[PDB]
Amino acid sequence: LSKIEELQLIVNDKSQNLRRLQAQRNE
Amino acid sequence: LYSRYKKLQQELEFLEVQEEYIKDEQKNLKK
Amino acid sequence: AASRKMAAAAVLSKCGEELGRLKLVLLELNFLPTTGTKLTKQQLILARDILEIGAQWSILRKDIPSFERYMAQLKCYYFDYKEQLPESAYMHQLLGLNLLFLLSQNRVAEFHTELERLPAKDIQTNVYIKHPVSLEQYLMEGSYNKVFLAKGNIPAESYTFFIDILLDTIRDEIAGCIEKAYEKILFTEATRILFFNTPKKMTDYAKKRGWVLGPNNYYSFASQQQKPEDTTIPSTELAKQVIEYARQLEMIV
Amino acid sequence: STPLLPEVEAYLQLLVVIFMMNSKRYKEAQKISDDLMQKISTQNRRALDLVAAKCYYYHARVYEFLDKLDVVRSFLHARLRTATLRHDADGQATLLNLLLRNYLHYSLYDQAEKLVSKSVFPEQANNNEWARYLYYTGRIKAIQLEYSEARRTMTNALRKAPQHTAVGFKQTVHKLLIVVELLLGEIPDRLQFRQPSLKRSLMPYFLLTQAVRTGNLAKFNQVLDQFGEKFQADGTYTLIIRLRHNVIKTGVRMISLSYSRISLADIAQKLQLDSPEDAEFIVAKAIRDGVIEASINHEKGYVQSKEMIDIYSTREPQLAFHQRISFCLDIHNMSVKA
Amino acid sequence: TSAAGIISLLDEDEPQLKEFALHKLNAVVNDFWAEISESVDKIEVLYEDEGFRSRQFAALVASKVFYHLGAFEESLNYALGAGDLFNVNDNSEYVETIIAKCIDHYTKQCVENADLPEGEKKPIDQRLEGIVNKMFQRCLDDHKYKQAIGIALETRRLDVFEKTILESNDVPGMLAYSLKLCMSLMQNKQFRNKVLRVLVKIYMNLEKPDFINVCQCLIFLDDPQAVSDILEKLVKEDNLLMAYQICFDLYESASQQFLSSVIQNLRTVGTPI
């Protein structure tokens, strides 16, 4: 059961980095 | 539930491609 | 069944055999791990007696590897982590004998873990516990004289086995001091210091170390620095400075 | 999220109320807690936004005094499993702190070694969110006798947490902090000490610290007899024994003069006060050790030693510069981070 | 309590003693694990030995402790040796985690296996394959098609896939799904084409999957022979409608060369009827 959930966590985490890192680029 | 799994995978790959590019962009801009 | 018959035989060759037969009987009983620090009366009590006898006879046979298995087994009868209520006269003696064994092995930590385990001031106060605790204090200090004693409850039982181990450690520590302190000394002074009676064993140790002797003992030492490498001899620094400067500018190393 | 939060909060309010309004003792409210604890059990992975420590927490504090409610271990052990490790991490980390405490107070610090090993496994939290973790962690290391390590962790604990419940928490940490100075054998200034903790409480630690700074045994014994109680209260007893060694060790160090010969006799007169007549033996240990170093003749009744005027002429400042630059540099990188 | 007394009994040599101790140990694992984790290595020495007959039981216990430590992969390895003390449908978290991870192990191998003859690789674990056979059966009892095809694609084994396809009216819905998936998930040709090829064999057995679907696979694979043969039976049967459906498809989609081979075969046979 656990596999789809674990997969789901990692995407959540990566996006917050990318938003941040992106935000430095526009500036 | 385990049918879901491929669908999620698609999202992940997309991001890693985008992510790296941003680093590169930073370097270029400096110069 | 066996236990009473065992006590009578000991007042020793034959006992050591009987242990193996005793063991068989413990296997039928299902409360070998079960403890609680309460008296469930001939469940826990019966198991307790059987273990104590075997332990006390492990000491008299002088068989140390078996001693540890019995001690580990016996230990949970006494406290769970804490709480005491089914006590023994023997419970003191064994705890003390283990504290001493723990000393000879050279484990300071095992001495402390125990203090965390069994807290209060009843621990320090009783005479039986006191022989190890006094000896532990003396060991730290490097007070060789304080250590040498033959009286107590504990010197009666199995401390005899320990005394040799304890001496060797002190004598190694005294030889290393004497080379640093003294570059020359008289032979006789050295014979007293080692606190061995006969000159001869004290001669044996000296040849073993490999010293030249005479009516005097000879020793020589002296060191050098700021010429053999240091972080302040520059070659080694250059490698060290590369990392410092690299951190500083970004690298990062 | 919006419906979830009132239901839990009602439960939470239910618990506040039962203490000395539906109890009169701290073992009667408990009956009521236990049936309510079911709720936590019921939803597994249907939540992660929760707090679920409180019920078990109220039960649990009471076991720390010296009472028998050791049942609770079993309960915390199950919970660490319910959270996968890969799922519901921040809540698991809080639980681990409460289990670690329970263990610390009573016996075997060894089971903590393992807890630490667990602690560093993939988490979505940080173990520095509640400083209390550091405090427990410090005692462990203290026993093992890394005075430095315990110092770091405790001091980090003091940062970014007291300015409210500074009352109780600063006092516990502060008492251990002082002890660690004594254990390390390097004891700082008397001015500093006053302002930490409650002033009344500060006083027994201060008497002890002063005695150790003088480096005289007899005073150390007299004060210690009075203050059996503190060590007992705290649940760290082992310290009482350990400190004894330290006085003697400071005392030889204290007495460092200068000259290519100091008479042995001279050292022995000062030393007479510390110990009856076990003097030379102690000294020998000390020299051998390398904390100080010397040559002794009992034959000519003199101790000969090395002279130093060559400080700042060898690497000891080199290590210092390197260590000092580093502290400034981390914060300089950090300011930029923002 | 201390785990130590009990743990010691195993270090002693007397096989009855061990077996007695072992029965105590399997129960007490969850409470004690932290203390037990130091001692794991000796427990393993006993498992390795064939001069001790309770080898399967020991494996099961060791593995539980590694789960509690957090090394799943290692726990599995001992677990395959336990063999028959592995059980499915007990409705635990322990069981769920490991069956899941098994699909992953098979995946780990398939890549490697693709570059070598395809089916199975020279190093395989029979024991590992067996857990997977059991998983299928598990899932068949529920009678879910959407789940069924997901696993089959994903574990990258053709043989599973074949078995799964049952019934008639649900199957056009299911095949449409599989087709989009294989394209959209795989940008790996070797595998991706293989599944379409397996699917062709499936198609002929029905009266249709879809007349259009039969044409589309030909256009992807580019096999001029295959079109020819399918077409030719249609002439004989006198299916005008079936025949006309073929020809508008191929004209629009395909290239001049593809078309030429197909007309050559048609023109010899006659006008389609």
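Helix D:72-82 sits at what angle to the longest principal axis of chain D, using alpha carbons and giving 0 to 90 degrees rounded to 10?
Computed tilt is about 70 degrees.
For segment C:114-190, which chymotrypsin sites (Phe, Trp or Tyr not before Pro) are in a loop by DSSP, counting at most 15 other Cβ atoms within 10 Å?
Taking segment C:114-190 and a limit of 15 other Cβ atoms within 10 Å, the loop chymotrypsin sites (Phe, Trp or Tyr not before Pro) found are C:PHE148.
Multiply the residue gap between E:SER168 and E:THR271 by 0.36 nm, knock off their C-alpha separation, and tell me the result in nm, one decimal place.
Contour length minus the Cα-Cα distance gives 33.8 nm.
Per residue, how much space in cubic angstrom lies within the convex hull of the C-alpha atoms of the protein assembly as shown?
Cα convex hull per residue, to the nearest whole number: 297 Å³.
Consider all pairwise Cα distances in segment C:12-248 and report the whole-number % of them above 34 Å.
Tail of the P(r) past 34 Å holds 43 percent of the pairs.
Could you order peptides E:221-228, C:199-206, D:149-156 by the average number of other Cβ atoms within 10 Å of their residues, highest first?
D:149-156, E:221-228, C:199-206
On average over all directions, what projected area in square nanometres does chain E have, based on the convex hull of its Cα atoms?
19.3
Cα axis of helix E:211-221 to longest principal axis of chain E: angle in degrees, 0 to 90, nearest 10?
Rounded to the nearest ten degrees, it is 70.
Holding the Cα-Cα limit at 19 Å, pick out from D:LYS175/D:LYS285; C:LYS130/C:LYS151; D:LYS114/D:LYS141; D:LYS175/D:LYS199; D:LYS141/D:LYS199 the pairs that are longer than that.
D:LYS175/D:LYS285; D:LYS141/D:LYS199
Per-residue Cβ counts within 10 Å, from other chains only, averaged over D:286-294: what number is that?
2
For chain D, treating each Cα as an identical point scatterer without solvent, what Debye log10 I(q)/I(0) comes out at q = 0.08, 0.09, 0.11, 0.15 1/Å?
-0.57, -0.69, -0.93, -1.38
From the helices alone, meaning DSSP H stretches of at least four residues, give me the mean residue ellipticity at 222 nm for the protein assembly as shown, per-run term -39500 (n - 2.57), in deg cm²/dmol to the nearest 500.
For the protein assembly as shown, the value works out to -22000 deg cm²/dmol.
Quantify how much of the Cα-Cα distance distribution of segment E:114-273 extends past 25 Å, in percent.
The proportion of pairs with Cα distances above 25 Å equals 43 percent.
Hand me the trypsin sites (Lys or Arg not before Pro) from segment C:95-134 located in a DSSP loop with no more than 15 other Cβ atoms within 10 Å, in residue order please.
Those satisfying the criteria are C:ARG107, C:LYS121.
Just want to confirm a number: the relative contact order over segment D:195-257, from Cα pairs under 8 angstrom separated by 6+ residues, in percent.
Value for segment D:195-257: 37 percent.
With a Förster radius of 56 Å, plug the Cβ-Cβ distance of E:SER253 and D:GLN124 into 1/(1 + (r/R0)^6) and report the FRET value to the nearest 0.05.
According to the calculation, E is roughly 0.65.
Roughly what angle does helix E:256-269 make with the longest principal axis of chain E, taking Cα atoms, 0 to 90 degrees, to the nearest 10?
60
Return the distance in nm (one decimal) between the two label points of a simple spin-label model at E:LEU241 and C:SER220, each offset 7 Å from Cα along Cα→Cβ.
So the label points at E:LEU241 and C:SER220 sit 11.8 nm apart.
List the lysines whose Cα sits under 30 Å from the Cα of B:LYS30, skipping any in the same chain fewer than 8 residues away.
A:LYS14, D:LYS337
Just list whichever of D:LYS31/D:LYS54; C:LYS184/D:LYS249; B:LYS6/E:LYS108; E:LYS134/E:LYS163; D:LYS118/E:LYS64; C:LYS5/C:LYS62 have alpha carbons separated by over 18 Å in the model shown.
C:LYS184/D:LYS249; C:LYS5/C:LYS62, as the Cα separations exceed 18 Å there.
Positions of Cβ are generated from backbone atoms using ideal geometry, with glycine treated the same way; all protein chains shown enter the neighbour counts. Since every read-out is calculated from the coordinates, none of them should be taken as a lab result.
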